[PDB]
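Next up: a single chain in C-alpha cells, the form deposited in one PDB entry.
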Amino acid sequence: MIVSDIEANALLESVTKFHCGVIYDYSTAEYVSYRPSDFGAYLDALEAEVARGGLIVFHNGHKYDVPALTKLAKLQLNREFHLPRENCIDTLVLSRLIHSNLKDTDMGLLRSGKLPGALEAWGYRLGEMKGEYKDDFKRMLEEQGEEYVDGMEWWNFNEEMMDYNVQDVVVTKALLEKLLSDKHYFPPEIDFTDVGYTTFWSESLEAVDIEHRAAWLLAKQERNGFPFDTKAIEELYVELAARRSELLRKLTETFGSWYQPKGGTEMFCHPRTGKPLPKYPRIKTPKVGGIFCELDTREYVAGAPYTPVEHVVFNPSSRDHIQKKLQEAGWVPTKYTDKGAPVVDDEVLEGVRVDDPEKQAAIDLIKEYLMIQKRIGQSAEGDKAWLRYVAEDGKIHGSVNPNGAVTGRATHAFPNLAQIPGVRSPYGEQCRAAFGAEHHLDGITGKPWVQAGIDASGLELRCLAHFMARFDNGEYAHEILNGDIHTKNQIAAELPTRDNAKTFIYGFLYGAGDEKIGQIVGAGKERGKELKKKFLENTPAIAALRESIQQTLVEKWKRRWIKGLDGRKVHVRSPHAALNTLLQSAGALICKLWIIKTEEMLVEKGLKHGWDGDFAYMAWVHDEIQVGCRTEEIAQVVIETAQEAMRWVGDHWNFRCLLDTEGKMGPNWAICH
C-alpha cells in the first residue's frame, strides 16, 4: 500500500499542468517527492504499485487525482494512464461512510462556518489546504510589495506548494489509519496496510467496497454531464421574466408603495419627561441649519428633530410586505412562526380571505409570482442557476456526494440536479425537457443520443414489506406484487376513496403529520391520529416492526445506530424516525448497489461507458437513473439490464420482497418521466 497526493494548476475540468506529487510507501516507510520533471516517474511509481497487486490511497482521489492523472498524462507525456478502480482507496469516501453523521466542506467548496455540527479534524485540514496555501502565498507576496491576483498561487510550481503536498500525504496517512482502526468496518485480526487489493475489499465490511465502487462510477457521471438545451432555457427565461414584470405591474398598482422609518440614529425621547421611547422610530437631530440676513436654503434647523424615512415599493417576493398588505385588508393571521412572525406560505395564502375582491384576486397573482421567481431563480438568476452552470461541451456537470446523507443516500449540488422541477409542476415540461440525451450530438455521426430512464418500482413499500416479512411471512410483500396493496391499506385505515390511501401511505413513510394525514380525507388535522391508529391496528406487522427496532435502540440508548443492508452503521437521530431511517437507508443502499451492478453488467456485455462509447450515466436521483445511449437498441439493452441488476440486488441481499424497475426510452427527462 502507498498513500499519495498531487498538486496541479487547476480543477479537473481545466487542469493542464502537473506541478508535483508525493508518495508514502508502507513497504519502505519513506516519503518520496516528485517535482514538475518527475511526472513520468511519479506515474511509473503508481503503476508499479499496481503491477504488484497493491493499493493506492488518495484523499478525494476518485473525483480528482485519478481522472486528473489520466488527463495530465495524455497532455504532457502523450501517455495513456488508467489506474484501475479496484486498486484505489479514497479516504474521503471512507470518512463519509464511517463518520456519516457528520458533514464536510466538500474539499473547500462549502464554508466551514455555514456547516452544522463538528468536523473530523484531519479531513478539515485536508479540505482547507487550498485556502491556507493561498493565505501563505497572498501574505508572502504582499511582504514583497506585489499585487495578488485571482488564483495565481496555482499557476507555477514552488516549494511552498511542495511542502503543502507532503503535508497532505502526512495527514491523509494519519486519517487513513484513524479510519482503519474502526473494527466495525475493518477486522482487528487484519493489518489492512499490508494486504493486496483483492484482500482489502474481500476482508473488510461490504460497505467499503460498495462506497468505493459508487464514488468511482459517480465520478464518471459528473464527467459525463447531463446534456442541456441552453437556448431552450434562455427562451423560457425571457418568457418567465415577462410574466414576472406584468405580475409586478398589476401588483405594484393594487398595492401602493408606502413610507418606512430608516436611518435613525438617536433615540426619541418625550419632549416633556425625557422618557426614552424605543417603541418610536429612531430619529436624527440636525446639528446645524437655522432659518437663516440671507435665508438659509438648506432644509434642516439645528435642534429640530425628524424621523428619516425611505420609500418602499411593494415587492411580491417579501412575505413581510405580503403580510403587511393582507392584514391591512382584514386578514387575521392564525399560525405564526415559532419566532414572532405570521406564516405566509402558499398553503395559508391559499386560505386567506378578504373583503376587497381585487385584493382577493391579487393573492393568486402573488402565488403565481412566487412560483415564477422560483423558476427564474433556479434556471437563470440564482447563484447555482442552470444557465450559470452549463459548460462549453454543452452539459451541466452537477456535483454528487455519493454518501452525503445519513441514511446512505447521495446529495447533489452545484447545481442540485436531484431537484429539477417535475413534469407535474408549472413549467416542469420545459425545464425537464431541457435535460436530455437528445441535446447531445454523437461525436462521430452527429446524431442525437437517446435516453433511458429507469425507476425502481415502489421501493419504499417493498422495503417495508421486506422488513415486516419477519412478522407476517411475506404477507404484505405478496399483496404488493399480486393484490392491490393500496386498496389493502385503504381498508386497513378507513379513508374513503381507496386512492387517498396512496396519499396516506407515502405520507406515513416520509414522516408527515396527523394534520396532513387527516388532511387527506378532510379537515381532521390532529383528529386524524384516530386514522393513524386504525391502520396500525389493522396492520399489526408494522407495529411489531417498530417495537423490535425500539428494542434495538432504546433502553438513554442501548445503541445509537441501525445496521444497513451492507453492515454499515446508520446513525439514528431520533427514536421517532428510526423506522424511517431504516427504510430510507435500505432503499438507498439498494439503489446504490443497483446502479453499480447495472454499469458492471453493461460493461461485461461489451458496451463502453462514455460519449465516445455506447452509454453515459447522466444522473441518479435516489430511486432513478437517466442514461444517455447512442442508439435505441443500446437504450433497450440498458433498460433490460437495469431490470436484471435489480433482481440480482434483491437476490444478493436475500430480500423478502421481489424488486423491480420500469424504464422509458425517449429524447429527454420530460418524456422519460
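Residue numbers here begin at 1 and follow the sequence given. C-alpha atoms forming the largest set that superposes within 1.5 Å between two forms make up the rigid core.
Beyond the structure shown, there is the form deposited in another entry, which is absent from this document and is the topic of what follows.
- A 2 Å or larger CA shift between the shown form and the other one, after fitting on the rigid core, occurs at just one of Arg223, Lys359, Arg125, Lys502, namely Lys502.
- The two forms, fitted on the rigid core, differ between the shown form and the other one by 2 Å or more at the CA of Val521.
- After superposition on the rigid core, displacement of the C-alpha of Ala492 between the shown form and the other one amounts to 2 Å or more.
- Comparing the forms between the shown form and the other one on their rigid core, the Cα displacement of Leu536 reaches 2 Å or more.
- Whereas the shown form places them at one spacing, the Cα atoms of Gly422 and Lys502 lie at least 3 Å closer in the other entry.
- Note: the CA-CA distance for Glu526 and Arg319 expands in the other entry relative to this form, by 3 angstroms or more.
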